[PDB]
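Heads up: the structure comes next, in structure tokens.
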Amino acid sequence: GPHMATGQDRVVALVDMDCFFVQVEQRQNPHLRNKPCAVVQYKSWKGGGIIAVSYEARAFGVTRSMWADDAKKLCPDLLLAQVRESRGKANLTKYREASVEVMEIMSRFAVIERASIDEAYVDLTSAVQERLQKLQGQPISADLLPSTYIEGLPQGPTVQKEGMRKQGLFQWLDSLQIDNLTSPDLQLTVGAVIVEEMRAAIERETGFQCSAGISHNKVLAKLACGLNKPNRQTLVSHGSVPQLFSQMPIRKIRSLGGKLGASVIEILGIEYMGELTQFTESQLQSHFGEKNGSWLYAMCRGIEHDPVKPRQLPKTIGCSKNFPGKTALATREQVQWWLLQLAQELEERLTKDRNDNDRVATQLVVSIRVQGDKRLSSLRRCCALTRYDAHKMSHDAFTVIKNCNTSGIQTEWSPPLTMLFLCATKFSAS
DNA sequence: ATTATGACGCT
DNA sequence: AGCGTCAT
Ligand SMILES: Nc1ncnc2c1ncn2[C@H]1C[C@H](O)[C@@H](COP(=O)(O)OP(=O)(O)OP(=O)(O)O)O1
Ligand SMILES: [Ca+2]
Ligand SMILES: [Mn+2]
């Protein structure tokens, strides 16, 4: 009852860019705007692999991971932009730099956690408290929430989508008690007002549109964000959770999309997040471990405590390349040349990072895959990173992997390598 | 031949 | 430390 925590203490948003790499290319090349288009890497094999798709192209069934030649079968007029190639490999610098543009704007509003190249969590609890004081018990106008959906509404007592959106928003607002400065629903609503302002700033200052979720924690914020994309934001209230979760496949919740989620489904014989409420905390801990069990018990009730971490910059800087099929590296000279290519890109990025962010990496991690292993990585070895020098780093990487080679012949490399990976880690201030 | 990343958990 | 999971 009165002592039962409801996980309504925070206001958390997740802001996620719409079809991000496509928007970056569309800003650069106006011919691509408002077109079915996709971003591809490489080209020789089956037209290249698609890694981002405009909403116009999605209407034709084009998806990520599709080969461009196959996408063209669904969408003959599909336009394509290619990822830059440098030193023999795809180079994602343009998108990393565009990401920084967006993250720096968001950081003006609140402390952010960089969650990926195109999304960040926002802890808006303090910003909401301040805006609530400014408002002075003044009601929130629908005009302040022009792209906001209220999940679960309208209900009860209608043909167009925008019409439905406004209907739901009006029901929500009509209900709100603006007298209570600690009402969680009011706090979320003010959060949504701030996120409208954040999203407007991002679009004004970069040209990029985005979607957002506003709720009381990171998992619900992220779930919310995807409900109404693109170019819209969704508020998921604590009260909306039972209905929302009653038909929500377990795999849709962040961290449950893989083996653990499949095990929850199999072991418990359920399908939807809401069905988890019928198990005790101890029951869930017995199957999934102490940490997961406690997390699931709270999460299926809409409660999670994972903090928005104050981290705007990536913790690692890495360079990787696959060598599939017949292109697998089978000579020592090959392995060395590609280690150097990777190290040269890594040095470039590290040197820029040091100048921009006043820090230095101290550990180099080297990872490879060998033909036949189905695992992402076959072997991971670390060594000291003492100088930002590509020739040194590539020589050091070779040293820590060279024993991998089962070939008797010095020159030959066996089994061939199907992946190389260099990663700079363990930053220290400088 | 679903590539190039990046964070975090386990032991 | 080195490996595995989950994610975009
Ligand atoms: N599996 C991947 N491999 C390589 N790049 C990826 C992969 N997934 C995502 N990316 C890149 C390209 C995306 O534009 C960008 C952001 O990913 P993501 O948010 O999942 O989709 P998206 O921004 O392209 O479309 P959406 O509007 O559905 O969010 O990160
Ligand atoms: Ca996105
Ligand atoms: Mn994303």
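Chain identifiers are assigned alphabetically (A, B, ...) following the order of the sequence lines, protein sequences preceding nucleic acid strands; residue numbering begins at 1 within each chain.
Across all non-hydrogen atoms, the minimal contact from A:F279 to A:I270 is CE1-CG2, 4.3 Å.
Taking only side-chain atoms of A:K315, from C-beta outward, the nucleotide of B:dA1, B:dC8, B:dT5 with the closest atom is B:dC8. In this structure, the nucleotide among B:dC8, B:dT3, B:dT5 sitting nearest to the side chain of A:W67 is B:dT3. Distance from the side chain of A:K321 is smallest for B:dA4 among the nucleotides C:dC3, B:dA4, C:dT8. When distances run from any side-chain atom of A:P314 to the nucleotides B:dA7, C:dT8, C:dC3, the shortest one goes to B:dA7. Nearest to the side-chain atoms of A:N322 among the listed nucleotides B:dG6, C:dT8, B:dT3 stands B:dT3. Each of C:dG4, C:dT8, B:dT3 was ranked by its minimum atom distance to the side chain of A:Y42; first place goes to B:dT3.
A:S211 and A:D18 form a side-chain donor-acceptor contact under 3.5 Å, judged by distance and modelled atom types alone.
No contact: A:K46 has no heavy atom under 4.0 Å from any strand. Residue contacts for A:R251: at a heavy-atom cut-off of 4.0 Å it reaches no nucleic acid atom on any strand shown. Here A:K89 lies in heavy-atom contact (under 4.0 Å) with sugar-phosphate atoms only.
The aromatic rings of A:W45 and A:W67 sit perpendicular, their planes meeting at an angle over 60°, well past the 30° parallel limit.
Under 4.0 angstrom from either OP1 or OP2 of C:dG4 there lies at least one side-chain N or O belonging to A:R375. For A:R254, no side-chain nitrogen or oxygen approaches OP1 or OP2 of C:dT5 to under 4.0 Å.
On the P atoms, B:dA1 is 24 Å away from C:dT8, given to the nearest whole Å.
Within 6.0 Å of OH in A:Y388 there are more than 12 heavy atoms belonging to other residues, nucleotides or ligands.
Mapping A:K426 and A:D16 onto DNA chain C by nearest heavy atom places A:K426 closer to the 5' end of the strand.
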